[PDB]
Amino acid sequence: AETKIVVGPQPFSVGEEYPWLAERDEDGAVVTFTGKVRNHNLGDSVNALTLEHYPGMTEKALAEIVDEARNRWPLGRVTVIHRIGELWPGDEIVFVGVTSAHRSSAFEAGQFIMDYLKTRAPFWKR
């Protein structure tokens, strides 16, 4: 069961990520989450969200969240992508994909990974 972890400034495309994620026949249940910049992430009028990461450490922390999810649920392929840089309301900034034999596992793991990425993975906002 492969894991893909990428962090960078470029737009990602779910259509380009999904086929790898869902490739394996034994991965019968496929869950994705895409998170975009909200208008509440700003709240005032529109200036940009600027996100920075810590090269190496951010990806490590993401890797460790996925490992932890794999200790709790029987997961197949997992992808975690996080965009950084200057971002605006409506931009796709995070993608988590998880597979499993059971849908419950995929749903619960997908949520676990997002929850922990939001509270543990080191990013700096401004």
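For every residue, the number given is its place in the sequence shown, counted from 1. The term rigid core refers to the most C-alpha atoms you can superpose between the two forms while keeping them within 1.5 Å.
Asks: Core fit done; bigger CA RMS in 4 other deposited structures of this protein for 94 to 102 or for 55 to 63?
Replies: It is 55 to 63 whose C-alphas lie farther from the shown form in 4 other deposited structures of this protein.
Asks: Is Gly43 unresolved, in the sense of carrying no coordinates, in at least a third of the other compared entries?
Replies: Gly43: unmodelled in at least a third of the other compared entries.
Asks: Which of the two stretches, 52 to 60 or 75 to 83, shows the higher mean Cα temperature factor in the record?
Replies: Result of the comparison: 52 to 60.
Asks: In the PDB record, does 37 to 45 or 66 to 74 carry the higher mean Cα temperature factor?
Replies: Higher mean C-alpha B-factor in the PDB entry: 37 to 45.
Asks: Where does the C-alpha B-factor of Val31 rank in its chain, lowest, middle or highest third?
Replies: According to the entry, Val31 has a C-alpha B-factor in the chain's lowest third.
Asks: Based on the entry's values, in what third of the chain does the Cα temperature factor of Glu17 lie: lowest, middle or highest?
Replies: Answer is middle: the recorded C-alpha B-factor places it there.
Asks: Just say lowest, middle or highest third for the CA B-factor of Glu23 relative to the other modelled residues in its chain.
Replies: Highest third of the chain for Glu23's C-alpha B-factor.
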